[PDB]
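Q: Dropping a structure here in structure tokens format, bear with me for questions.
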Amino acid sequence: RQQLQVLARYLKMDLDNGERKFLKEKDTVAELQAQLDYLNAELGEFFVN
Amino acid sequence: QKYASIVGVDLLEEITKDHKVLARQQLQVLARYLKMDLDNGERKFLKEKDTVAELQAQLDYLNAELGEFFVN
Amino acid sequence: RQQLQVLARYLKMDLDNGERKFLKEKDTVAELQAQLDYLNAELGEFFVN
Amino acid sequence: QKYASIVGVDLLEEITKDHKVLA
Amino acid sequence: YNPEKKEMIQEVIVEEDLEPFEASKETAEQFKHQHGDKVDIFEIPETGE
């Protein structure tokens, strides 16, 4: 686990963009759902459907 | 410049390419050992992405049928 | 065993010429004996000796 | 020189800096 | 036969460089005439398998 990280210092290979991507991809899904269920909460799941 | 003026005294790569690859190499084989996946940080991000495109695909169908004055 | 092999990628140091030599050195001993015992099989171990 | 006379016949860094740091 | 999965012939993704590559003891018999003379042999018994 150690020799890994210091070795990633050298290639400047970020081990955590694979999560920063995934984390920002996630909250802009929650706030994207937050819209998409406001409409079903106000148009009704019979109208939207 | 100020200091100088304050006194008056005016005034190839492949050796690194392969030097990189084994590090890139010693990295991966070292990740074999901790069983530490270097790519869940993207599989997460990729599935998180297409279930945003298809989530938008809904969210703009409504603005395409309810109108951006109604939804807003 | 792993860090060994990837490290040999880098010096381009073949770990198996020490056997490819030995293997080709071996079958050209069997087929070299195959001659040398055909004669003892046809000249006799009293003649060749 | 002696041998020659005995016959008569006269006659960049950063690639290493970081190559050091990880060590 | 699954028409959404028609099977065909392809190749895969890459690693960090340290690799010569061996074999086992099973089908040496039909399967031995691809490569050529590309070994780092050692015919001296210091190895074992």
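Here, each number is a calculation from the coordinates, and none is a lab measurement. All Cβ positions, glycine included, derive from the backbone under ideal geometry; neighbour counts span all protein chains shown.
Q: Is it possible to state the helix-based mean residue ellipticity at 222 nm for chain B, with each DSSP H run of 4+ residues giving -39500 (n - 2.57), the sum divided by total residues, to the nearest 500 deg cm²/dmol? What is it? Write down the numbers at each step before the final one.
A: Numbers: 3 runs with 53 residues, N = 72.
Calculated mean residue ellipticity at 222 nm is -25000 deg cm²/dmol.
Q: In the structure shown, do any of C:26/E:25; B:17/E:32; C:24/E:25; B:17/C:24; B:44/E:5 have a Cα-Cα gap over 29 Å, and if so which? List each step's numbers first, then the result.
A: On the way: C:26/E:25 19 Å; B:17/E:32 35 Å; C:24/E:25 19 Å; B:17/C:24 36 Å; B:44/E:5 25 Å.
The answer is B:17/E:32; B:17/C:24.
Q: Could you state the angle between the C-alpha long axis of helix A:17-42 and the longest principal axis of the C-alpha atoms of chain A, as a value from 0 to 90 degrees rounded to the nearest 10?
A: Rounded to the nearest ten degrees, it is 10.
Q: Hey, another quick one. Amide H to amide H, which residues 5 or more places from residue E:42 or on other chains are under 5 Å from it, using H placed in the peptide plane?
A: C:18, C:19, C:20, C:21, C:22, C:23
Q: Step through the residues of segment B:43-51 one at a time and calculate ³J(HN,Hα) from phi using the Karplus curve (6.51 cos²θ - 1.76 cosθ + 1.60, θ = phi - 60°), rounding each to whole Hz and writing x for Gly and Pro.
A: Going residue by residue, I get 4, 3, 5, 6, 5, 4, 7, 6, 7 Hz, with x marking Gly and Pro.
Q: For chain B, with the dipole built from +1 on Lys and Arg beta-carbon atoms and -1 on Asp and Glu ones, taken about the Cα centre, which of B:29, B:67, B:45 lies farthest toward the positive end?
A: Of the options given, the answer is B:29.
Q: Which ordering of E:15, C:42, A:25 is given by a fewest-first count of other beta-carbon atoms within 10 Å?
A: Values: E:15 15, C:42 9, A:25 19.
Sorted ascending by nearby Cβ count, the order is C:42, E:15, A:25.
Q: Sort the protein assembly as shown into rounded, prolate or oblate with this rule: let a ≥ b ≥ c be the square roots of the eigenvalues of the Cα gyration tensor; rounded if a/c is under 1.5, and if a/c is not under 1.5, prolate when a/b is larger than b/c, oblate otherwise. Working shown, then result.
A: On the way: a/c = 4.01, a/b = 1.54, b/c = 2.60.
Here the protein assembly as shown falls in the oblate category.
Q: How big is the gap, in Å, between the Cα center of chain D and the Cα center of segment B:29-72?
A: 58 Å
Q: Once you sort the root eigenvalues of the Cα gyration tensor of chain A as a ≥ b ≥ c, which label holds: rounded (a/c under 1.5), prolate (a/b larger than b/c) or oblate (the other case)?
A: Details: a/c = 6.81, a/b = 6.00, b/c = 1.13.
Prolate is the answer for chain A, as a/c is 1.5 or above and a/b outweighs b/c.
Q: In what order do E:31, C:22 fall by count of nearby beta-carbon atoms within 10 Å, going from fewest to most?
A: Values: E:31 9, C:22 18.
So the ranking, lowest neighbour count to highest, is E:31, C:22.
Q: Let me ask you something else. Test of understanding: ordering A:19, E:4 by Cβ neighbours within 10 Å, fewest first, what list do you get?
A: Listed from fewest to most nearby Cβ atoms, that is E:4, A:19.
Q: Right, next: First measure r as the distance between the Cβ atoms of residue E:4 and residue E:40, then evaluate 1/(1 + (r/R0)^6) with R0 = 41 Å and state the FRET efficiency to the nearest 0.05. Don't skip to the end; give the middle numbers.
A: Numbers: r = 46 Å, r/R0 = 1.11.
With a Förster radius of 41 Å, E is 0.35.
Q: While we're looking at this one, here's another question. Place the peptides E:21-29, B:32-40 in order of packing, highest mean first, counting for every residue the other Cβ atoms within 10 Å and averaging per peptide.
A: B:32-40, E:21-29
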